[PDB]
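See structure below.
Throughout, a chain's letter reflects where its sequence line sits, starting with A, and its residues are numbered from 1. In listed order, ligands and their atoms are each counted from 1.
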Amino acid sequence: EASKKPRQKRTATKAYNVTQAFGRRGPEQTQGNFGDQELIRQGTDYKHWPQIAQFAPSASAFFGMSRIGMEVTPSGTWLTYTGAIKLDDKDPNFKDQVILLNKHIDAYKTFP
Amino acid sequence: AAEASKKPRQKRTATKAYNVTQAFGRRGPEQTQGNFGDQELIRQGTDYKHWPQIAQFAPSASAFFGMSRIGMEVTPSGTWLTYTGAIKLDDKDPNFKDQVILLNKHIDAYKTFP
Ligand SMILES: CO/N=C(\C(=O)N[C@H]1C(=O)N2C(C(=O)O)=C(CSc3nc(=O)c(=O)[nH]n3C)CS[C@H]12)c1csc(N)n1
Ligand SMILES: CO/N=C(\C(=O)N[C@H]1C(=O)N2C(C(=O)O)=C(CSc3nc(=O)c(=O)[nH]n3C)CS[C@H]12)c1csc(N)n1
């Protein structure tokens with residue numbers, strides 16, 4: 001049901017987790033590298049999800065801020081995107097946001 | 001400054017009142033300038049009449065963090081969350097050709113107009 005959406009519109013939850021929705025975390029260019037074991041398992045049910053989601057772009061900002069491309073490979077036609085989002089280092093929450101992001105970025109490297 | 005400007009950049013939404021340039025900067029070739037949008041999309045933002053056919057490819061917050069390669073960089077300008085990824089078009093969708101035309105129409109369109 002949740003799995004019938006195009007990948008880019010899926011919402012991961014406990015019932016349909018980040019692995020089920022977006023594949024396993026890993027180093028390859030086609031894989032996602034973000035999330036510790038708790039976030040992977042809980043998705044948007046993760047207790048600190050709101051603090052992560054604040055960094056996710058609106059549809060307008062995704063198409064507004066990103067460098068957008070199209071590539072045709074053996075596997076199909078792809079809309080590529082890259083960009084950068086500046087953290088608000090003036091907010092008191094800055095230091096905690098850094099700790100949160102650092103806990104999830106490439107977290108899979110330490111999994112048993 | 002407009003209240004629409006007071007959102008963090010990534011949470012800003014461009015419209016006729018507060019346009020793509022105002023919200024997200026002039027389109028251009030540089031590494032973290034946006035390169036997407038013709039003159040009509042730039043002016044109109046989500047008011048563009050074909051916005052829905054573009055937005056269908058935009059990621060949910062969950063998918064943005066699930067699909068993308070995420071990094072952090074600390075530089076003289078601040079701390080930046082970097083992202084890269086790719087979203088697969090459905091080449092079985094009868095509307096696929098038209099999706100490709102619409103995307104291509106906005107990708108690097110700025111090159112053809114001041
Ligand atoms: C009828 O529009 N009234 C507007 C308005 O929305 N402003 C416009 C503005 O600068 N826009 C632009 C453009 O930027 O080129 C355009 C595109 S330019 C254009 N469109 C045509 O369809 C056409 O036949 N010829 N041209 C030259 C559309 S109106 C808008 C307005 C703003 S304040 C006020 N009192 N009226
Ligand atoms: C002397 O005319 N000056 C014009 C002009 O083209 N006049 C209008 C005319 O009859 N057209 C009308 C309409 O009739 O509604 C419209 C439709 S309304 C509209 N279209 C947009 O694309 C947009 O972004 N916003 N809006 C509100 C377009 S301009 C033109 C103009 C356009 S940009 C600019 N600086 N001047």
Side-chain angles (χ1 to χ4, degrees), chain A residues 5-11 53-72 77-86 88, chain B residues 1-64 67-68 77-78 80-91 93-114:
Chain A
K5 315 209 81 211
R7 204 204 285 267
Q8 67 276 14
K9 300 305 195 184
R10 292 171 182 169
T11 302
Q54 75 182 304
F55 295 108
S58 65
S60 184
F62 170 87
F63 275 101
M65 296 181 313
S66 308
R67 302 202 54 71
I68 301 293
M70 269 212 278
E71 288 183 11
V72 180
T77 302
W78 299 87
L79 188 65
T80 61
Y81 61 91
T82 68
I85 291 167
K86 193 207 281 289
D88 179 22
Chain B
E3 294 296 314
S5 78
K6 289 179 191 181
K7 289 275 168 172
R9 190 186 189 226
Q10 67 279 8
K11 292 307 194 193
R12 279 170 177 181
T13 307
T15 62
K16 202 161 301 203
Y18 176 69
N19 74 27
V20 173
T21 299
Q22 295 173 288
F24 308 121
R26 281 185 204 235
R27 269 74 282 287
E30 301 302 338
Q31 205 48 238
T32 53
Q33 292 171 306
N35 68 333
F36 189 93
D38 78 4
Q39 315 104 295
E40 195 185 8
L41 176 54
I42 288 163
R43 173 179 65 262
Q44 294 176 345
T46 60
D47 289 321
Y48 178 63
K49 295 286 172 44
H50 298 97
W51 184 248
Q53 281 72 41
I54 297 172
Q56 72 178 312
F57 299 109
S60 71
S62 185
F64 178 83
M67 295 182 321
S68 310
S77 53
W80 297 79
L81 195 60
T82 64
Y83 62 89
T84 73
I87 289 154
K88 185 184 280 292
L89 277 69
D90 186 349
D91 65 10
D93 185 339
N95 300 303
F96 171 74
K97 280 199 164 91
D98 288 349
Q99 291 161 4
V100 168
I101 293 168
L102 174 67
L103 293 168
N104 275 338
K105 171 167 81 175
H106 291 290
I107 294 168
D108 283 344
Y110 74 90
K111 284 184 188 177
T112 67
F113 53 80

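Among residue pairs with one or both ends in residues 44-60 of chain B, those qualifying as side chain to side chain donor-acceptor pair (under 3.5 Å) are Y48(B)-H106(B); sequence neighbours excluded. Residue pairs satisfying the salt bridge (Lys or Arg N to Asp or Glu O under 4.0 Å) criterion with at least one member in residues 18-36 of chain B, sequence neighbours excluded, are absent.
Sorted by chain and number, the heavy-atom contacts of ligand 2 below 4.0 Å come from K16(B), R43(B), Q44(B).
Judged purely by atom type and a 3.5 angstrom limit, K105(B) has no side-chain atom pairing as donor or acceptor with the backbone of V100(B). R67(A) contributes a side-chain N or O that, together with a main-chain N or O of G28(B), makes up a donor-acceptor pair within less than 3.5 Å. In terms of modelled atom types and a separation under 3.5 Å, the side chain of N35(B) and the main chain of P29(B) share no donor-acceptor contact.
Residues satisfying the salt bridge (charged side-chain N to carboxylate O under 4.0 Å, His left out) criterion with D108(B), sequence neighbours excluded, are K111(B).
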